[PDB]
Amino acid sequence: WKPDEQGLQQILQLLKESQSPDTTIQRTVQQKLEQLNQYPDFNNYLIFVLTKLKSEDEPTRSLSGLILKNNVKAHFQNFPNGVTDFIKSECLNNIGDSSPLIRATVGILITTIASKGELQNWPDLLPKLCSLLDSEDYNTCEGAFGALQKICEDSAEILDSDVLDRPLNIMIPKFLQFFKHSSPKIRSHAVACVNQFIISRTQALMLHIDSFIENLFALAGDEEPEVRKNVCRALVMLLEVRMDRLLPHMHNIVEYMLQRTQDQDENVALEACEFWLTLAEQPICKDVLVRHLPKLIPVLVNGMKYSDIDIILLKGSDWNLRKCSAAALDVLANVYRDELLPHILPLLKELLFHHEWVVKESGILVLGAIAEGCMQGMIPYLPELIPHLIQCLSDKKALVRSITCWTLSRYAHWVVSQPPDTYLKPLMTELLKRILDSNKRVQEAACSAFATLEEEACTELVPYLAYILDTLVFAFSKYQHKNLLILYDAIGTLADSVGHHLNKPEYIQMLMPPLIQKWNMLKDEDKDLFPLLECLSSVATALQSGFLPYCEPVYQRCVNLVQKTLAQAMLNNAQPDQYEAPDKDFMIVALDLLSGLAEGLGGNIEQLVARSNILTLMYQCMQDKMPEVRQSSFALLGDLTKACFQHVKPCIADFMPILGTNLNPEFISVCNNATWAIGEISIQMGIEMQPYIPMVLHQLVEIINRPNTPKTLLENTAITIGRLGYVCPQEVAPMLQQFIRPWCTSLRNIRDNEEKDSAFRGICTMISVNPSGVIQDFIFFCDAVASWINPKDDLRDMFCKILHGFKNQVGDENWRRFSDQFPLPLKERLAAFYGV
């Protein structure tokens, strides 16, 4: 190319200046580079200094290389080909430079190039790189492998995509030759490469699986950590996708993994420990472990202690041996259930009461970890353990306090189910104290644990509501920011647990001011809104009218957040390369808060909706690609329908066809909320609903006859069908034979409320229009009517009119034989109310 002395001297001068200890020289060197980088020719100088300029020292050559790298990831589109090709050429030609720093710099350049732009645009990178493995010089093959490894890491899928002509059909069968290789580094690269294409079930690998597995075993004997680490994760991945292939060697594999899990090198052990975690997901787990389980449990238990460094760090967090071991134990507990207890109880006895806090803490962890799996088996021990754990809450070691919070929370169901004064009361008391711990980890552990307890206790908290709030409020003034987020969640779940009991002037006055205070601090782009808003949602629903003095600004901000999200999305859709896609969670939380507001206030939200474009915003939300957005919007739709239908009615003709295209059970909660919504709009439409029925009925009937459909979806589907029939018996009653069974099965099990009332009025009207529609399945109807504890008088008369009607249709004889099949409660009930 064209490097001239004057040019070179200037850049070297600038490179020297960038290495100055002087802070001002630095700031002005920054702006000097700022200008130069936009000149493609400058990049030519940069690579030249890296690869060609032998004269220059290593940190100078490499820094030139790195500046170039930054350029290749903010300006690469604007590179002409002539410079690009000069860099590409110059890199691959120096990939094995005897300087490790130069080698690394060249390497980042290659891989960054491939990454940012070269996608398929570098057609002969991979082919040359592969052949560069066959080369003589050690550094050369090492450098090439390093590059390949990195390419596979961020590029993984190069096969599954096929944007280049199936390139992996060449590479994979090429790595395993180097498994055999004399040097540890190369072995690692080779394995680390192959490993990238296991879970993907990569064609090239799957039809080469035997060669892989054989070569892996050949490595089992290797003592080089990096190799062990990679072999370990190979086996883990293989276990998930090629179960068939490793059964015949399973004993030897388990023996190997169990050894490595006990490796003194933390990293080997962690990769080894993943084996147990994924093995526990396979149905063949019990059979495979029989010879090794007795050793595995104590080994897992021992790795669940904090490491020595973590102990030191936590005095003054991501995946590690402790977490993996604890997670593995958790799943194994769910697999073995009560069979695990004889393995674990002798360990617990030595751990739970131990004089060394680290050992004790691990014991408490274990106790918590196994809670879900071994719950039945632990019941006998809880009258002793729970009081003991309660004591541990005031242990003088913070790390003991925090884990106790969690473990106790894992046994919340049992606690709540016992007399309140024996466990619940003292537990709640000590948790509250612990919420105000001076230690921040404890604060959140306690707060998290209390929330869990709240969820389980529900109304059982009502007597202690004042005492609870005292602490939660005080925490507002105590907590820094991170823990205020968990606190909002605890308040949120409290509001859900105690419902309307929360509606007291004193409670509102102590609770609301600090909630709004943080509301005013937070900006519309701060994710920390999510917990606050979700908290507000629950409070609003619980407070109802009590929320009146607070609604307006809350309402405005939410609509606004939805508006700006929709805006940002359109803007991004127009020019993706210039405007960031928005975080739709802001929209989800805002809709969900508007839903709560509407549920809480009911009719009293009218004035706000009157002044609002919320419905025109909803129209786009309902059509969003993201299920949760639709799910939130259908919920708000249902709420506004009940609260102030006059504003909704104009939109129905647009809204219905969309509701009709979202009755897809694949999206349970979207389907559910759409279904609920259409039931509520029915009631408001009356017979005006007739034209919309066909676009919705067939599907609802399909969904209510569908196996493996959640209880709640089926209940809403039944109610809605009931409701459609009430307003338009003529359109729906012909379908009676097809839905009456599951309709009845589903609704006999629900509480007597307005919705059930509404749905049964519908089923009566339909029977009056098509009685031969129920005759064959009348027992179901009988049972469903018998499920009513206190039906309204008119609904009752409808019932006995249908019952009397049926008995008269079949005559005293057929009736008495039909009623023979009545369980006693049923036979008895329809004489207390119905005289049949």
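Residue indices: 1-based, along the sequence shown. Heads up, when I say rigid core I mean the largest set of C-alphas that superpose within 1.5 Å between the two forms.
* Asked: Relative to this form, superposed by the core, which stretch has the greater CA RMS in 7 other deposited structures of this protein: 153-161 or 212-220?
  -> Clearly, after the core fit, the stretch farther away in 7 other deposited structures of this protein is 153-161.
* Asked: So if we fit everything on the core, which stretch drifts more in 7 other deposited structures of this protein, 661-669 or 370-378, C-alphas only?
  -> With the rigid core superposed, the C-alphas that lie farther in 7 other deposited structures of this protein are those of 661-669.
* Check the entry and tell me how many residues of the deposited sequence have no coordinates between residue 707 and residue 708: none, 1 to 3, 4 to 9, or 10 or more. => Missing in between: none.
* **Stretch with the greater mean C-alpha B-factor as recorded in the entry, comparing 281-289 against 434-442** => Looking at the record's C-alpha B-factors, the answer is 281-289.
* Asked: Which has higher Cα B-factors on average according to the PDB entry: 171-179 or 344-352?
  -> Looking at the record's C-alpha B-factors, the answer is 171-179.
* Going by the deposited entry, which of 407, 662, 320, 131 has the highest CA temperature factor? -> Among 407, 662, 320, 131, the highest C-alpha B-factor in the entry belongs to 131.
* Going by the entry, which of 97, 534, 395, 599 has the most elevated CA B factor? -> Among 97, 534, 395, 599, the PDB entry lists the largest C-alpha B-factor for 97.
* To do: Would you check the entry's CA temperature factor for residue 569 and let me know if it's in the chain's lowest, middle or highest third?
  => Answer is lowest: the recorded C-alpha B-factor places it there.
* residue 512 - which third its CA temperature factor falls in, relative to the rest of the chain -> For residue 512, the deposited C-alpha B-factor lands in the middle third.
* By its CA B factor, does residue 625 count among the lowest, middle or highest third of the modelled residues in the chain? -> For residue 625, the deposited C-alpha B-factor lands in the middle third.
* Chain-relative CA temperature factor third for residue 142 -> Residue 142: CA B-factor falls in the highest third of its chain.
* Asked: In terms of the CA temperature factor given in the entry, to which third of its chain does residue 388 belong: lowest, middle or highest?
  -> Residue 388: CA B-factor falls in the lowest third of its chain.
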